[PDB]
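There are 2 protein chains.
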Amino acid sequence: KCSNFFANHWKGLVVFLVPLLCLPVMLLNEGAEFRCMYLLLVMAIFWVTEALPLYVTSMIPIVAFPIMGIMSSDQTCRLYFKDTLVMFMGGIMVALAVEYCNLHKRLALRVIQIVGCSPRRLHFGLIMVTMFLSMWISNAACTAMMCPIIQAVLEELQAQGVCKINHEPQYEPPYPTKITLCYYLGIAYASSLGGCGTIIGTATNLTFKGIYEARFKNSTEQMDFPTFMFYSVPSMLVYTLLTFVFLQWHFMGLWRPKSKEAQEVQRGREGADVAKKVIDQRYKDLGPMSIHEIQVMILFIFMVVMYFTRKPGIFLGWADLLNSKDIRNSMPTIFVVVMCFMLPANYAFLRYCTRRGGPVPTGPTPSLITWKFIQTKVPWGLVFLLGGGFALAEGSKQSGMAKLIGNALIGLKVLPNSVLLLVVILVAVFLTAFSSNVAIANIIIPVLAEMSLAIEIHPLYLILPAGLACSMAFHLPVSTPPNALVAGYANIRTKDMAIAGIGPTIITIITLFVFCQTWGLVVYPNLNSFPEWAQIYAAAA
Amino acid sequence: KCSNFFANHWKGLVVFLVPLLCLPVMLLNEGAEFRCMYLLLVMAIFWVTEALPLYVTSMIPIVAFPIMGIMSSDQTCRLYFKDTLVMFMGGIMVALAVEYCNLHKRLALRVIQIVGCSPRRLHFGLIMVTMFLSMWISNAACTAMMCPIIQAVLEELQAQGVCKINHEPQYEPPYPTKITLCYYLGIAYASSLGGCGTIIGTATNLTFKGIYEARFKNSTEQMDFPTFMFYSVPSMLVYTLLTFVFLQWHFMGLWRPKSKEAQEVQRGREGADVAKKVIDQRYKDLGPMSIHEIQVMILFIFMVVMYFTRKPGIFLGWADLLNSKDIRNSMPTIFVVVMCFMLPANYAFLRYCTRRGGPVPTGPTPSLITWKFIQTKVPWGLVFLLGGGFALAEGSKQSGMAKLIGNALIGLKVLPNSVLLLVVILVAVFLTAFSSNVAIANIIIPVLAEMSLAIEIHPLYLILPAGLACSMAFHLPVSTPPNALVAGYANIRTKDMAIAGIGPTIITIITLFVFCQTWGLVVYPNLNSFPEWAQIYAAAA
Ligand SMILES: CCCCCCCCCCCCCCCCCCCC(=O)O[C@H](COC(=O)CCCCCCCCCCCCCC)COP(=O)(O)OCCN
Ligand SMILES: CCCCCCCCCCCCCCCCCCCC(=O)O[C@H](COC(=O)CCCCCCCCCCCCCC)COP(=O)(O)OCCN
Numbered sequence: 032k033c034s035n036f037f038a039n040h041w042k043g044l045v046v047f048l049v050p051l052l053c054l055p056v057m058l059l060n061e062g063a064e065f066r067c068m069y070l071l072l073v074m075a076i077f078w079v080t081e082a083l084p085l086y087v088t089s090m091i092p093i094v095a096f097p098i099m100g101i102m103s104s105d106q107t108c109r110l111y112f113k114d115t116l117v118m119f120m121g122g123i124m125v126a127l128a129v130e131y132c133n134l135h136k137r138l139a140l141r142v143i144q145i146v147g148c149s150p151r152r153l154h155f156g157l158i159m160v161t162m163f164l165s166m167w168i169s170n171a172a173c174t175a176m177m178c179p180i181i182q183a184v185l186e187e188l189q190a191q192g193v194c195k196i197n198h199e200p201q202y215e216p217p218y219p220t221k222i223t224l225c226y227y228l229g230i231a232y233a234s235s236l237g238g239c240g241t242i243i244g245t246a247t248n249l250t251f252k253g254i255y256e257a258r259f260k261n262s263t264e265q266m267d268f269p270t271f272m273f274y275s276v277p278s279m280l281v282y283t284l285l286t287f288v289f290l291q292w293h294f295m296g297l298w299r300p301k302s303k304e305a306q307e308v309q310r311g312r313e314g315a316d317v318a319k320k321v322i323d324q325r326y327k328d329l330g331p332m333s334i335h336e337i338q339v340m341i342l343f344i345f346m347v348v349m350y351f352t353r354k355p356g357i358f359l360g361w362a363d364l365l366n367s368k369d370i371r372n373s374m375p376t377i378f379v380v381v382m383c384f385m386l387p388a389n390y391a392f393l394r395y396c397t398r399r400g401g402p403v404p405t406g407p408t409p410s411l412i413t414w415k416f417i418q419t420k421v422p423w424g425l426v427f428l429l430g431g432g433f434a435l436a437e438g439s440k441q442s443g444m445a446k447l448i449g450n451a452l453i454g455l456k457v458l459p460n461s462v463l464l465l466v467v468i469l470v471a472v473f474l475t476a477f478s479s480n481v482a483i484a485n486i487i488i489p490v491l492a493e494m495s496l497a498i499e500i501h502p503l504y505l506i507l508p509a510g511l512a513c514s515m516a517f518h519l520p521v522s523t524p525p526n527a528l529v530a531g532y533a534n535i536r537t538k539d540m541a542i543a544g545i546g547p548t549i550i551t552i553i554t555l556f557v558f559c560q561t562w563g564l565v566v567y568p569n570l571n572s573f574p575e576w577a578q579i580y581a582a583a584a
Numbered sequence: 032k033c034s035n036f037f038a039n040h041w042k043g044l045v046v047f048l049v050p051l052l053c054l055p056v057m058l059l060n061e062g063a064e065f066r067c068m069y070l071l072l073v074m075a076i077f078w079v080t081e082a083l084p085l086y087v088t089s090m091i092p093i094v095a096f097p098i099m100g101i102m103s104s105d106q107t108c109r110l111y112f113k114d115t116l117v118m119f120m121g122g123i124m125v126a127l128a129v130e131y132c133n134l135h136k137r138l139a140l141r142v143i144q145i146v147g148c149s150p151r152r153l154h155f156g157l158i159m160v161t162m163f164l165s166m167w168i169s170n171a172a173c174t175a176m177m178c179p180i181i182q183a184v185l186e187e188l189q190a191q192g193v194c195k196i197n198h199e200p201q202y215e216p217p218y219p220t221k222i223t224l225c226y227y228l229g230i231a232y233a234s235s236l237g238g239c240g241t242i243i244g245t246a247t248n249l250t251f252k253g254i255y256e257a258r259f260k261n262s263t264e265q266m267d268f269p270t271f272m273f274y275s276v277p278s279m280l281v282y283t284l285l286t287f288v289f290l291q292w293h294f295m296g297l298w299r300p301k302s303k304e305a306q307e308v309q310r311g312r313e314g315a316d317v318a319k320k321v322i323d324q325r326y327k328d329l330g331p332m333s334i335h336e337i338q339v340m341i342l343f344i345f346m347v348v349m350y351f352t353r354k355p356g357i358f359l360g361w362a363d364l365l366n367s368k369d370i371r372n373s374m375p376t377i378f379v380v381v382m383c384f385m386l387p388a389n390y391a392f393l394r395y396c397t398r399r400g401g402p403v404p405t406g407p408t409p410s411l412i413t414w415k416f417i418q419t420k421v422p423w424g425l426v427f428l429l430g431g432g433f434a435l436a437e438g439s440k441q442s443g444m445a446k447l448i449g450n451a452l453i454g455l456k457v458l459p460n461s462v463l464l465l466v467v468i469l470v471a472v473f474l475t476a477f478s479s480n481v482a483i484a485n486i487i488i489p490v491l492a493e494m495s496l497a498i499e500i501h502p503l504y505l506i507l508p509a510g511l512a513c514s515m516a517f518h519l520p521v522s523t524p525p526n527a528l529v530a531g532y533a534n535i536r537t538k539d540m541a542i543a544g545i546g547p548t549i550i551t552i553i554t555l556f557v558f559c560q561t562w563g564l565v566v567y568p569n570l571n572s573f574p575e576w577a578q579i580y581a582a583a584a
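Protein sequences appear in the order of chains A and B.
Counted the way full-length UniProt numbering counts, the first sequence spans residues 32 to 202, 215 to 584.
Counted the way full-length UniProt numbering counts, the second sequence spans residues 32 to 202, 215 to 584.
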């Protein structure tokens, strides 16, 4: 029974020991940079193990930094709540606003009518629409939005009888069937993948954009919003299609002509007509567009286009027009939220003022969304988690440990650049797979910045592939909040998820390694050589 | 039927008209100070009218200020997490932690045992314990904690047959009768009143302390933690006691024995012994004190002690001990939160494996508090409200509103100082009566500071009484959240509460006007004479 104590109490022992075990690192060496390293290491161990609730560990810098003497208490508390975080919160709130009026259901059904009711065509349509959705909102919001539609469509096919929701016929909740697992893992993976396309979709893009633009004010290259799309989208398409093919083969016998599941998908092909009838009758059941949905759509489109035109390459941009003070992208999303609270819902009140119509509303007209709804659904804990990364970045920069570790990693000079790039990709993936993506990106990026400063490489040549690499996380439930939500709301098991995750990782390293060296040259032909403006920085350091 | 239109849809009209109607303010006068004036006025009129939800309107500065050119967008978002805010949020969290383990029940029952069980003594005991609890934590959490205890007690008395909580069946929610009205209003008023006690009682104290420290740094006086308590406590005891007496007279038949309420109280006196049996039997039912409660109590006391002495003082100032960089009071509360997450609940597991006596737990022991609980209880909206208040204060200082309005009120020098102080108190209370406290403090403090600079009057002499008075709100449900919670919990017709408000307002005004002039001179010696360091700023302006 001495083993059972280890079985049911392992989470506590790690908390008790790890600070004590790692205590000597401060004591032996002198500089407070070692104290910063101690804090970073212990916080990382808590993150990866999930001994404490994941959010609460991010609070530690508040007590740590003033005691360690690294940074003043007032500034450290200030660093959490920055404009990017406001953008992210506004995005989540407007996504809930979309969810309120059921518009996503209509969009899904319309796409289904477009594609048809064949099983593989169904899967392809869902993957593509999920990618398109997640290109421009929060990933956790995207998957939470889309999942109930998924449950509805497979329970409709349950009424059809082609598939089974749970692998066992209810024999802990029962294991889901291969088909259901395929659908849920597909939506999760596509949701995660979509972030790489656009700056706005996932916070990691914003974080390393901020880090790079902070370190080098004098960079000739710009990392512009249209150019970021031009770099990102082709690879995005290639590996999302490859992930589709791999997932289809792994679960449904796509390229295996003979399988028991192949008979199942052929049977699903047989009942195409009845599925078409249930789908188009179901669409008919929704009814014509209400106004409510119409202005929701208008606000969403306005928000996206208003992001697009903030000093773009082709256009002058409104930011230059309103050059009174520097305005970030936080303004449009909050503008949308406030208006979404202002505007009415049905406009029936207009009947009394001028119209001859009969009906008149009895009470106050409800607005688009109600604060009672917003409080319950949004995951408020994310603010601390996002703030922790900024706190760590600022602390590491001011304490100077980044310079120490960068000058420590100086032996890599002998290697040719391409193999160094491969090593960078591999280490970035390995680090990401064990925590939240934003935190890992904030840890990793500055030391590579200083490394490139030292080992005479153009910095962006490593920074951009690294930042793109930080996004993927495919085989840990704790790795990425969309994966956590998909673990919820369903009965997926960790081992099967991990073994399914082997494909997309291999695919994404291969495709980044291939397209970076080729496409970036077209995007930037100066990455290979070392520019003079960076030589000035090197001389400065 | 057009009467029904204005009766039902006025909230939309105010939103549509007021921003448009108040437009000429910026058009007629060129200075950006008037733009800031317009912003402040429209925000305030939205606040008082409650057309929009209270929280959402405070978002407006982060969109208005970057466009209007007063201050950059980055700074505005930075203001929303000044350390006082995280201190307040942590205070709410630890209050929930106390709530989780039923400590308040034990405290209330013990105090009831100490005082007695006669009706008037019962009411007095509840009032005193409510005040003592609200001494240290946020007011909304305090009243939300204390509310169901009163429900239980009145249910007990209903079982005894002394009185009925409901007024009458069918004379829409039922009307409450006198006794329950008295009890609930006592709870609300006592909570709000005792919140005035110390620095940590309510966000207004933190707000105006921070403003005073920011505007003036060379001043002799400091308003550290002990001195504020010394200035405040003697007054709060007096007006709390007088409030108790007034509530006894108005609702409970104190001095009028030839009244119907006198006979019911007399009937209550005979049955006091049976109620004593019920009370102490119920206390016996609750059982002995567990380790859980002991731990949470130790953490609470440790937190308050760290506040008391760590900051500069005669004995054992730990801030002096760790003075590499200045550390504020944010550390202890977040320390308590994270520590409260770390510790276990039972200790049976660890001790039992070594001890070998007693059952082995079959699962991991839960921590003191669970993030699921924190998710659904904290009023997360308060962050935006406090941020809006801070933003308004900073913007008014930056743009030049304060200097203009202070110079505009230059004429008030003719009146004697006591009369001026009385006018300040009266106007402060009247403005507090409309909207939330922290907003009024933010609007009022800076203009008073600049005016007192102009009139050559020691600024503390006015700023402290006004800051104390801003807490006092006793009339309308929108004025302060505890009133809303009470009115919602048991339906209260606002007419009765408004009528009952006439007592505490008069009592508080009189006792403040007397006790300031008496006690402040003792605690602060030089208030009457204008100090030289203020004259330096006077020449600076
Ligand atoms: C100068 C730099 C400063 C940096 C500061 C950074 C912030 C703070 C960092 C940490 C500081 C030390 C904190 C120590 C906390 C110990 C918690 C022990 C919890 C515990 O007993 O867990 C059990 C195993 O540990 C054990 O068996 C533990 C053995 C010892 C138990 C007795 C502990 C007594 C209390 C010690 C704290 C001081 C007094 C507080 C009143 C397993 O239990 P489980 O599996 O059920 O866990 C379920 C999850 N909770
Ligand atoms: C060159 C000058 C530049 C100046 C710049 C500075 C000033 C800028 C000011 C911007 C103000 C924007 C205001 C937008 C909202 C207007 C108010 C609408 C209120 C409303 O719906 O009222 C209804 C009653 O009818 C009414 O109140 C009757 C009027 C209805 C008007 C409808 C307007 C529709 C606008 C277009 C909407 C669709 C497109 C959106 C992009 C419902 O009132 P209620 O009380 O029942 O409900 C209240 C919510 N629960």
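Positions of the beta carbon are idealized from the N, C-alpha and C atoms, including for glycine.
Around the Cβ of residue i, are there at least 16 other Cβ atoms within 10 angstroms (buried) or fewer (exposed)?
i                      : result
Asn35 of chain A       : exposed
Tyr202 of chain A      : exposed
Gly449 of chain B      : buried
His501 of chain A      : buried
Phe77 of chain A       : buried
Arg399 of chain B      : exposed
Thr537 of chain A      : exposed
residue 205 of chain B : Coordinates for residue 205 of chain B are absent, as chain B skips straight from 202 to 215.
Can you check whether the CB of residue j is closer than 8 Å to the CB of residue i?
i                 : j                 : result
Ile91 of chain A  : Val381 of chain B : yes
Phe392 of chain B : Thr408 of chain B : yes
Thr286 of chain B : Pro520 of chain B : no
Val125 of chain B : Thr376 of chain B : yes
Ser169 of chain A : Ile230 of chain A : no
Name the residue from the options whose alpha carbon lies nearest to the alpha carbon of residue i.
i                      : options                                : result
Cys132 of chain B      : B:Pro422, B:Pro404, B:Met332           : B:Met332
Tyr504 of chain B      : B:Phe343, B:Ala516, B:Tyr567           : B:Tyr567
residue 208 of chain B : B:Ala451, B:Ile535, B:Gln306           : Structure remark: chain B lacks residues between 202 and 215, so residue 208 of chain B is without coordinates.
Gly237 of chain B      : B:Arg299, B:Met159, B:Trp298, B:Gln441 : B:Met159
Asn485 of chain B      : B:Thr352, B:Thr247, B:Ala584, B:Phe119 : B:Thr247
message = Residues of the stretch 410-423 of chain A in Cβ contact with chain B at a cutoff of 7 Å, in chain order, please.
response = Of all residues in the stretch 410-423 of chain A, only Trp414, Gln418, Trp423 come within less than 7 Å of chain B when Cβ atoms are compared, listed by chain position.
Exercise. At a Cβ cut of 7 Å, what residues of the stretch 160-173 of chain B count as close to chain A, listed as they run along the chain?
Worked result: Considering only beta carbons, no part of the stretch 160-173 of chain B lies closer than 7 Å to chain A.
| said: Report the start-end ranges of each beta strand (DSSP E) in the stretch 107-155 of chain B that is 3 residues or longer and not cut off at the edges. | reply: Complete beta strand (DSSP E) runs here, min 3: none at all.
Members of the stretch 53-86 of chain A that neighbour chain B once the beta carbon cut-off is set at 7 Å: Sequence-ordered contacts of the stretch 53-86 of chain A with chain B read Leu83, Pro84, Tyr86 [C-beta pairs closer than 7 Å].
Between the stretch 99-111 of chain B and chain A, which residues of the former have CB atoms less than 7 Å from a CB of the latter, in chain order?
Of all residues in the stretch 99-111 of chain B, only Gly100, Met102, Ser103, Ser104, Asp105, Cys108, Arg109, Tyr111 place a beta-carbon less than 7 Å from a beta-carbon of chain A.
Note to self: Along the stretch 370-385 of chain A, where does the CB come closer than 8 Å to a CB of chain B? Name the residues.
What the structure shows: Against chain B - using a Cβ distance shorter than 8 Å - the residues of the stretch 370-385 of chain A are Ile370, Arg371, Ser373, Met374, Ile377, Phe378, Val380, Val381, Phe384, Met385.
### Contact residues within the stretch 121-147 of chain A, judged by C-beta distance below 7 Å to chain B
Flagged: no residues at all.
Practice prompt. Just list the alpha helix (DSSP H) runs in the stretch 442-485 of chain A, keeping only unbroken ones of 4 residues or longer that don't cross its boundaries, in chain order.
Written response: Within the stretch 442-485 of chain A, the alpha helix (DSSP H) runs of at least 4 residues that lie entirely inside it are, in chain order, 444-451, 460-475.
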